[PDB]
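Let's start with one chain on its own, the form deposited in one PDB entry, as structure tokens.
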């Protein structure tokens, strides 16, 4: 067919019922354009609340999960719980999980496999740090992260890859369109060489890292950029602008 544009909003650790409820009302009233898939990832305490308040046109994602269905893992949640709350996606391998919390590639792979086996979709995050970019090892870094993810994916129809260069997260330093395109094209080439043409052609690779209303149109114009995983702007009315990046 042709890759459906994908816009995810990662609220991170922000919001309460009152102000997230006001956010959700605004999103509910927005017209979601054709061939566009919108997903919001609330704080874990509000997955249920957000699913109840959001229009079904918008899917709900968890911001993380663990790798078994139930167990002695105080503070964690499972894909089963996520499904049970009406959510259909999980974000895995986010930069903050890797770099603030130290989650290993191996662990992230195990979570991807479990989440997929349980019937969730996965937004799987990769990305290099400034020091890695400056050393010229971007490709090595992101290919290695992608490989561990791929080793644990048996159905790519339920996966979206999110490239979020760590130097672009929370800094205002959005990748230029050319920079995002360069990495996205390389990641798609990796899928083609290492999985299949069909998987390469159908898998959304979305860009994250200071996506704003002012920058989204030029980014979305790049041939191998299939949408966004949005951070700070996901909490504001300009998220709707980003949803309309191809209009």
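Numbering follows the first chain given and starts at 1. So that the term is clear: the rigid core is the largest set of C-alpha atoms that superpose within 1.5 Å between two forms.
Mind pulling up the entry and telling me whether 175 to 183 or 24 to 32 has the higher mean Cα temperature factor? Between 175 to 183 and 24 to 32, it is 24 to 32.
Take the C-alpha B-factors listed in the entry for 66 to 74 and for 49 to 57, compute each mean, and give the stretch with the larger one. Per the PDB record, 49 to 57.
Have a look at 168, 137, 113, 90 and flag the one whose Cα has the highest B-factor in the entry. Among 168, 137, 113, 90, the PDB entry lists the largest C-alpha B-factor for 168.
Of 199, 41, 216, 205, which one's C-alpha B factor is largest in the deposited record? The record points to 216.
Can you tell me whether residue 227 has a C-alpha B-factor in the lowest, middle or highest third compared with the other modelled residues of the same chain? CA B-factor rank for residue 227: lowest third.
Ordered by C-alpha B-factor within the chain, which third holds residue 158? Give me lowest, middle or highest, please. Tercile = middle for this residue's CA B-factor.
Per the entry's values, where does residue 131 land by CA temperature factor relative to the rest of its chain, in the lowest, middle or highest third? For residue 131, whose C-alpha B-factor we compare with every modelled residue in the chain, the answer is the highest third.
Considering only modelled residues of the same chain, in which third does the CA B-factor of residue 14 rank: lowest, middle or highest? Lowest third of the chain for residue 14's C-alpha B-factor.
Hey, what third does residue 118 fall into on Cα B-factor, ranked over its chain? Answer is highest: the recorded C-alpha B-factor places it there.
The next section is about a form of this same protein that is not shown, the form deposited in another entry.
Residue from 120, 159, 148, 168 whose Cα, after superposing the rigid core, lies 2 Å or more away between the shown form and the other one: It is 168; the other listed residues stay below 2 Å.
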